Amino acid sequence: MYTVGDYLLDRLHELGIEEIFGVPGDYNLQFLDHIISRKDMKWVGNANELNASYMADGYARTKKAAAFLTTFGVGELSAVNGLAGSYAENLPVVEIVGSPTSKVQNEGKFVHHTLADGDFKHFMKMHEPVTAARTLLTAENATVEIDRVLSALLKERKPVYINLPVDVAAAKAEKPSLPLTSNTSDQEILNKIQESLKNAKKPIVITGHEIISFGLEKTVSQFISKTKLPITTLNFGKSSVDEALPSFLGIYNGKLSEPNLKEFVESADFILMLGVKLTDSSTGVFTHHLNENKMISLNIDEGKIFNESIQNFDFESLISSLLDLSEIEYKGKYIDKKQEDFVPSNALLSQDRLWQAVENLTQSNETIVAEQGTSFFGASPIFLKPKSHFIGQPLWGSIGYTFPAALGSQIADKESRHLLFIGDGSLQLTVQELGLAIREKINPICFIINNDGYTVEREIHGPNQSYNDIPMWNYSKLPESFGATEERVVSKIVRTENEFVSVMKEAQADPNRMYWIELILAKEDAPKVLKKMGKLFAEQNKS
Amino acid sequence: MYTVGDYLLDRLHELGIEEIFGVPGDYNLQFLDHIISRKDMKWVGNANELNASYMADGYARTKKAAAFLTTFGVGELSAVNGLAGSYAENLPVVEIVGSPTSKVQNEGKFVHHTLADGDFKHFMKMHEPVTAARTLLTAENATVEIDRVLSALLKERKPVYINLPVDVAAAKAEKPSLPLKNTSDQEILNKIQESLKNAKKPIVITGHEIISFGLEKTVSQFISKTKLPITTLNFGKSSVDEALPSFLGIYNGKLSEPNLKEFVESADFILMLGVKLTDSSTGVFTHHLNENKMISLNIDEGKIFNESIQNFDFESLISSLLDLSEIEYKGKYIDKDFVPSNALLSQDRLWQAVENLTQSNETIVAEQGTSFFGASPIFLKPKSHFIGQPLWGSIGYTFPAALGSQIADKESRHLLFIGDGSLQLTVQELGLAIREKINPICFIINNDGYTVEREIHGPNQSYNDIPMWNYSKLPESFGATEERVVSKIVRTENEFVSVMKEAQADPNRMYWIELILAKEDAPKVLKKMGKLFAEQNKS
Ligand SMILES: Cc1ncc(C[n+]2csc(CCOP(=O)(O)OP(=O)(O)O)c2C)c(N)n1
Ligand SMILES: Cc1ncc(C[n+]2csc(CCOP(=O)(O)OP(=O)(O)O)c2C)c(N)n1
Ligand SMILES: [Mg+2]
Ligand SMILES: [Mg+2]
């Protein structure tokens with residue numbers, strides 16, 4: 001018998017979702033039976049709901065849609081920081097919240113996971129600022145309301161929220177019969193882009209996170225490969241293009257950019273900015289020089305043609321229509337590439353040498369995931385090899401995000417080897433999903449930067465203050481504690497450059513096990529970029 | 001120079017707060033220096049902010065006030081489920097949120113921990129339904145607004161929220177010169193006195209709002225003097241001294257012990273103090289508490305024989321019960337030994353053993369699951385306390401909460417009963433427990449997944465399974481040797497008795513006790529309760 005629950009799961013299938021994350025509770029168990037029963041969809045239960053929301057976000061970055069299931073009140077409020085991060089960085093995540101029967105809600109009963117005030121609407125209201133759309137389903141409205149909020153997910157690629165009462169999930173439904181000025185405005189915009197690109201001596205394309213949101217990376221890469229246009233990205237939307245393309249210049253990060261890149265971008269006679277938002281961590285704390293007078297910018301929500309706002313266009317089809325532009329070919333030069341061989345010594349591992357080694361040793365078909373801290377500042381500038389991706393969260397910047405997110409992205413694409421760089425202080429927030437990693441038998445390479453506390457915080461304020469210290473776990477021993485054998489997870493401790501090179505190669509050569517690699521770094525050691533960034537953060541926070 | 005931050009910390013000191021929980025971020029480090037500097041207050045840094053909010057709640061249950069510190073956006077939104085629990089069960093917790101400089105907020109800058117829309121007010125608005133009061137401080141308003149929201153905390157004993165911009169924390173202030181903070185009261189007291197005077201078989205019921213205000217000792221003095229029959233719900237368990245001769249046990253609707261159920265439901269007058277009737281605390285609304293013969297008093301409102309009353313002071317009204325003369329119950333109460341074998345541990349025998357072996361001045365903390373349903377009916381010894389969260393019911397709460405409460409009172413031995421499934425949500429505060437060298441006795445019910453969920457729906461469904469960790473190996477992984485944390489695995493009744501006594505006899509180390517129970521085994525109460533939850537969700 002086909003139910004409202006089955007209608008919702010059919011629509012999630014249509015979005016490309018093959019795994020649902022989350023945590024059970026009595027208000028969602030009956031719905032959960034319908035996930036278990038489906039051949040085309042797998043329940044992947046998390047230890048906690050914050051982790052589920054991070055994991056769904058990571059999944060969405062790779063699969064280009066995601067869903068997780070929570071219980072009313074305690075589940076959804078545990079996950080709201082993850083949904084806020086999906087809203088900030090524009091990932092298409094559906095949160096399903098199982099709620100009490102409409103009878104219990106209508107009677108205002110003082111049931112578990114409420115404030116005992118008979119009000120079942122507080123928690124949906126609290127989601128208003130971090131959802132593109134939200135609904136409390138009834139038997140009557142269910143199929144239309146499901147389709148309205150998932151259509152908002154398709155239009156905006158921002159998160160949405162479905163409150164699913166137990167009885168409403170179980171109610172009868174019918175399978176969907178339909179799939180989930182502007183065009184003239186789209187054409188005027190395309191014509192102006194074509195004309196600016198035709199006439200430009202030194203154009204620069206800048207792509208950002210909204211390209212990733214819509215799954216447009218391969219479209220951008222096809223566009224840049226055919227046209228030979230110079231391209232840069234911010235660290236917000238890193239891997240929005242294939243970084244191995246010859247016209248990829250590197251990561252523009254305001255005054256912290258490599259000088260040749262900085263000179264090229266800031267001297268360009270035309271800027272085409274696609275899906276970019278300029279944030280403190282992505283602009284060297286607002287030290288960028290991007291002249292709007294010589295810019296066409298396109299975003300999901302709005303655009304700017306040489307400083308004139310435009311509103312009525314379709315972002316996705318406009319980007320796709322760049323592949324139709326004829327008579328576009330850049331004939332000029334790019335910038336110097338000087339990549340050195342990394343030659344290890346027995347020297348103690350240092351931040352600058354670590355990121356040199358990672359850049360040298362990364363392979364094609366990898367996804368690099370980097371946590372806020374030394375890892376993001378060290379890894380974000382690295383040139384990726386072909387067929388590769390990057391996950392980082394520089395705008396929301398929620399530490400711990402990257403561990404469940406890496407696992408969710410790894411589940412989304414089994415054929416991309418995930419390399420996670422996470423700090424000791426960040427791993428402590430989300431460590432419990434090591435249980436899920438073991439159960440799912442996924443094989444990411446996980447590097448823990450053990451520098452005895454919060455080095456990025458030490459670099460901003462209070463380098464010797466006790467609040468920057470954390471309890472030192474035995475990080476390499478965690479897999480065994482969480483139930484792994486050496487047949488599943490290989491643990492390592494690394495102290496030297498020689499060890500780092502040996503262990504990274506060993507891990508990459510063994511795609512059939514998860515690697516759990518504890519890196520020992522000095523608490524005083526920060527990558528060259530973070531040395532400068534820490535003082536710019538402190539200035540931004542000057543009292 | 002004395003700052004707005006110093007003003008806030010002086011007011012928190014006045015509330016009896018000696019420890020501040022939370023997680024640093026760039027938006028709060030400069031304020032945090034002021035906590036470090038204070039001789040009278042300790043920074044106790046958590047692994048994550050949800051755990052900090054749970055730990056502050058547990059601290060508030062024992063200390064009767066608490067505070068924790070988060071960073072703007074990512075910290076505060078991580079903690080909002082803990083603050084919602086503190087709102088639901090009425091605990092006086094202050095959340096301090098360090099935010100960007102007013103210059104950055106005023107300029108609408110696209111900075112980290114925002115939605116890059118220049119709006120710095122979304123997250124404070126999202127707290128409106130789960131706070132008694134909230135404020136965004138300015139240099140101008142700081143001292144008035146700090147005093148306003150902490151006054152709300154004193155009046156309501158509900159959580160409050162202070163957004164503290166970097167520059168506003170650092171701004172000049174002057175030390176406070178005084179510390180912070182009728183006919184209806186008398187009418188209520190007169191009607192209570194008259195009903196108690198005339199009653200043949202009165203019952204007093206106390207609940208969680210007594211705990212909120214720290215009125216347990218007042219209620220205990222009132223019951224000891226009057227000899228009045230008293231029960232509590234499992235929501236507000238330990239709102240009275242359970243060792244008092246007139247304490248009947250826990251009333252839980254039709255799941256009550258029969259002698260207690262018969263007594264409560266035949267009482268000719270009911271006095272409810274600080275009670276809320278919730279599904280988990282009434283045997284899923286199978287209580288029989290005739291409002292025609294009831295006076296109920298709550299923080300926000302009262303009922304005199306089904307008539308609402310509004311304008312009274314809950315705290316002083318409870319205190320004024322000690323003045324009632326010509327109250328002495330002259331009637332009877334109800335009728336109220338563990339021999340272990342080598343038999344495998346079962347749920348029912350476990351909770352019989354815990355009741356037998358618990359000692360005076362212990363705090364029992366019990367997680368939603370077999371632990372709460374098993375432990376909540378247990379008769380406590382003198383000077384004992386209980387923490388459970390049956391209304392909000394957020395699994396994982398109890399591990400950080402037990403550590404918070406243990407920090408709040410180092411002289412009460414904390415016994416935590418937490419399920420395998422619940423421990424997985426909040427396990428990282430084992431690091432804090434090791435660092436702080438606190439000595440709670442932690443029992444982990446390893447029954448290979450979510451037994452309470454199996455008892456409600458889908459006992460054989462894979463969603464009720466969890467990854468089996470090596471629970472006994474966690475303390476070593478998190479940096480404890482046996483000098484700090486003693487790890488044990490228990491399978492038999494004889495092992496359980498030996499290990500619980502050994503833990504109680506060693507107050508100088510933390511115990512980490514893995515209990516092996518069958519996934520199919522549930523306490524007597526939960527066998528019945530599970531089907532009542534399932535019926536409440538009947539589609
Ligand atoms: C949820 C959350 N809480 C707090 C912060 C503030 N924060 C920014 S980076 C950081 C420290 C990260 O330390 P670690 O992961 O050890 O990195 P590293 O030592 O390599 O810099 C903290 C606490 C945050 N960004 N997110
Ligand atoms: C934060 C949160 N997520 C989900 C739930 C739903 N829930 C209630 S009890 C429970 C399982 C508890 O399992 P465990 O701790 O193993 O207890 P036991 O097996 O002894 O019953 C779950 C998932 C909840 N109450 N809180
Ligand atoms: Mg670190
Ligand atoms: Mg269990």
Side-chain angles (χ1 to χ4, degrees), chain A residues 473-474 478 480-483, chain B residues 338-359 362-367 369-371 374-375 378 398-399 402-403 406 412-424 426-434 436-449 451 466-472 474-519 521 523:
Chain A
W473 305 350
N474 295 320
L478 293 166
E480 175 166 351
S481 274
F482 284 71
Chain B
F338 187 75
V339 185
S341 71
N342 277 296
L344 293 196
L345 231 221
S346 68
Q347 285 275 353
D348 290 326
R349 292 283 285 171
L350 167 61
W351 306 114
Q352 192 177 358
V354 173
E355 183 171 65
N356 184 81
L357 289 180
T358 189
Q359 290 176 4
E362 292 187 332
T363 298
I364 296 186
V365 188
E367 190 55 271
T370 64
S371 291
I378 285 175
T398 56
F399 177 49
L403 302 183
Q406 180 65 96
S412 178
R413 199 72 189 278
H414 282 54
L415 279 60
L416 166 67
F417 299 90
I418 188 162
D420 53 342
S422 293
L423 175 66
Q424 296 201 3
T426 61
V427 69
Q428 51 267 101
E429 302 314 308
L430 178 55
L432 176 157
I434 291 164
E436 297 304 318
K437 299 206 268 180
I438 53 175
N439 300 318
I441 305 167
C442 300
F443 301 93
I444 301 129
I445 300 200
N446 178 353
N447 52 16
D448 190 28
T451 286
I466 70 188
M468 202 168 284
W469 300 355
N470 291 318
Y471 298 105
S472 67
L474 291 166
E476 157 189 313
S477 274
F478 284 62
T481 70
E482 288 266 325
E483 245 184 281
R484 178 85 299 277
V485 181
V486 178
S487 288
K488 301 288 210 186
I489 301 172
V490 166
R491 294 189 189 266
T492 70
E493 299 184 359
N494 274 333
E495 291 182 327
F496 181 73
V497 166
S498 175
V499 168
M500 181 164 168
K501 287 183 166 191
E502 181 172 321
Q504 289 170 305
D506 182 10
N508 296 316
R509 291 184 288 186
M510 177 162 159
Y511 281 70
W512 196 255
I513 303 160
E514 187 174 354
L515 301 186
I516 308 302
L517 290 290
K519 65 167 177 216
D521 185 15

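The sequence lines fix the lettering, A, B, ..., with proteins before strands; numbering per chain opens at 1. These values consider heavy atoms only, across backbone and side chains, with no hydrogens, waters or symmetry-generated copies.
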A.B. asks: Would a distance-only check, ignoring hydrogens and angles, find a side-chain to backbone donor-acceptor pair under 3.5 Å from B:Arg484 to B:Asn439?
C.D. replies: no

A.B. asks: May I ask you to test the B:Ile489-B:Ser472 pair for a side-chain heavy-atom distance under 4.5 Å?
C.D. replies: yes

A.B. asks: May I ask you to test the B:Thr398-B:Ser422 pair for a side-chain heavy-atom distance under 4.5 Å?
C.D. replies: no

A.B. asks: Above 12 or not: heavy atoms from other molecules or residues under 6.0 Å from CZ of B:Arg509?
C.D. replies: yes

A.B. asks: Checking the side chain of B:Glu493 only, and the main-chain atoms of B:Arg349 only, is there a donor and an acceptor separated by less than 3.5 Å?
C.D. replies: no

A.B. asks: Checking the side chain of B:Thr426 only, and the main-chain atoms of B:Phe399 only, is there a donor and an acceptor separated by less than 3.5 Å?
C.D. replies: no

A.B. asks: With a 4.0 Å cut-off on N to O distance, would you call B:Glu362 and B:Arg413 a salt bridge?
C.D. replies: no

A.B. asks: Measure from the side-chain N and O atoms of B:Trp512 to the backbone N and O of B:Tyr471, and report whether any donor-acceptor pair falls under 3.5 Å.
C.D. replies: yes

A.B. asks: Would a distance-only check, ignoring hydrogens and angles, find a side-chain to backbone donor-acceptor pair under 3.5 Å from B:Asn446 to B:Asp448?
C.D. replies: yes

A.B. asks: What pairs with B:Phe496 under ring-ring contact (aromatic ring centres under 6.0 Å, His included), at least two apart in sequence or on another chain?
C.D. replies: B:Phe443

A.B. asks: Is it true that a side-chain atom of B:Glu355 and a backbone atom of B:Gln352 form a donor plus acceptor pair closer than 3.5 Å?
C.D. replies: no

A.B. asks: May I ask you to decide whether B:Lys488 forms a salt bridge with B:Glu495, counting only side-chain N to carboxylate O separations under 4.0 Å?
C.D. replies: no

A.B. asks: For the side chain of B:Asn470 and the backbone of A:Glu480, is there at least one donor-acceptor N/O pair under 3.5 Å apart?
C.D. replies: yes

A.B. asks: Using a 3.5 Å distance criterion without hydrogens, assess whether the side chain of B:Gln406 forms a donor-acceptor pair with backbone atoms of B:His414.
C.D. replies: yes

A.B. asks: With B:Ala433, which residues qualify under side-chain contact (heavy atoms from CB on, under 4.5 Å), at least two apart?
C.D. replies: B:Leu403, B:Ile438, B:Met510

A.B. asks: Do side-chain atoms of B:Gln424 reach the backbone of B:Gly419 as a donor and acceptor pair under 3.5 angstrom?
C.D. replies: no

